[PDB]
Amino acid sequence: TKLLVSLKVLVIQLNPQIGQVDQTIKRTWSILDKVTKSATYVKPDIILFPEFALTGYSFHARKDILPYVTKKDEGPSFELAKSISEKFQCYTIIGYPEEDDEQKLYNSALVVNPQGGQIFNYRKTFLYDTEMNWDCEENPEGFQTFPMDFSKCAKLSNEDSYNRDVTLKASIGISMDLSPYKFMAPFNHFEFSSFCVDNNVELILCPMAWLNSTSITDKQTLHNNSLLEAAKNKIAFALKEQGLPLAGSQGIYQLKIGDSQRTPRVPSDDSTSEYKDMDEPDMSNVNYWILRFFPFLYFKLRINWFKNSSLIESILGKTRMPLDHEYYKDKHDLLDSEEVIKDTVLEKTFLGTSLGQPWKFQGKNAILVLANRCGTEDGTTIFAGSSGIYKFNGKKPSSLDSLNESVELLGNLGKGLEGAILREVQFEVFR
């Protein structure tokens, strides 16, 4: 049975700096106030914040982050999300540094329902180099899904108002989750987005602290003080030329609240990665993010892959998580066996292809909400901003970027300004 859904989605984009938790919270309440006063404001059903939204990101040592960690149901990030959720009767999702009872540290995203109750806590699964500075653990459950009960957000197709409830299957992916494992795995594994497709996820939520490529990441540069000093001068000039302090922009809010301006489809060029034009998205990253969701994108060649059964072995052979992942540290050939083929195996995909269909996502819908922070840290690291909302429409009739019309760019913030974007998103699910 086809069910139409309408969700009001609000994304908050922040430039948090380490040691400014109280200031970032104040700016957050300032943004939310401005949002409610917008001419085309409507109450959000869900509000999504970035990775480490209140704390800053580039922690260099366990001792430096310890004053900012919290239990999943205590502390500034939880209390903020609970207050927001009660004031807007919505789901609120925020990234925060977590500590558990056993003194283990994670990079996490907590989820609070409209009643102010914490219904989920997701831990980052693929870690970035920075997490290794402070002993961050991998999520021992690997990628996870969870239900979100939305009240009065759905209707049958011939009905005229969104008066029915719906439980959507959701998944959170925190920044690096979208990348090849450790940047070492094959690009074409598309681990996170394959997982979402495999598990028929409908609402994909991504708190991020994702870099613009002007950032200094070359390891030899980072560990040669002379090369590093020279590199830092380059970034300093790039911020100064933009009329910004080195940490980037704070407190000047770009608001796109309830408008329907879509983001222009653009191929990545040798200029789309430049840190200029703070109110425009980084289209190098927008295109790359879209590419990392390849299994959700229409691609003509899948018909040949399926016809020739070219991916059957890849499909049967793929494991739930990378073999060396935390998942298996404590969790555990259908061809040459008398075990039957289970439903779950028939749900599995590689490159978007399943055992049963050339393109498993074909004819389906999914919504992607990406909340990326902006600003700069350590004089080396420039975050890409460009938070946005996307619809994968599952339609046929093959570019690997924003030119591909099976994805809809419902709206983005700029690469450099704090702010907020609200979009009403309409899509279908089947029940």
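For every residue, the number given is its place in the sequence shown, counted from 1.
For residue 292, the fraction of other compared entries lacking coordinates, among those that model flanking residues, is zero, nowhere near a third. Coordinates for residue 397 are absent from at least a third of the other compared entries of this protein that model residues on both sides of it. Coordinates are absent for 1 to 3 residues of the deposited sequence placed between residue 330 and residue 331. As recorded in the PDB entry, 237-245 is the stretch of 237-245 and 191-199 with the greater mean C-alpha temperature factor. If you average the C-alpha B-factors over 363-371 and over 62-70, the higher value belongs to 62-70. Within the group 336, 177, 279, 282, the record's highest C-alpha temperature factor is found at 336. Note on the listed residues 212, 171, 250, 309: the highest Cα temperature factor in the record is that of 309. Among all modelled residues in this chain, the alpha-carbon of residue 89 has a temperature factor (C-alpha) in the highest third. Sort the modelled residues of the chain by CA B factor and residue 33 lands in the highest third. When all modelled residues of the chain are sorted by CA temperature factor, residue 208 is found within the lowest third. Residue 183 sits in the middle third of its chain by CA B factor, as recorded in the PDB entry. Annotation for residue 220: C-alpha temperature factor in the highest third relative to the rest of the modelled chain, per the entry.
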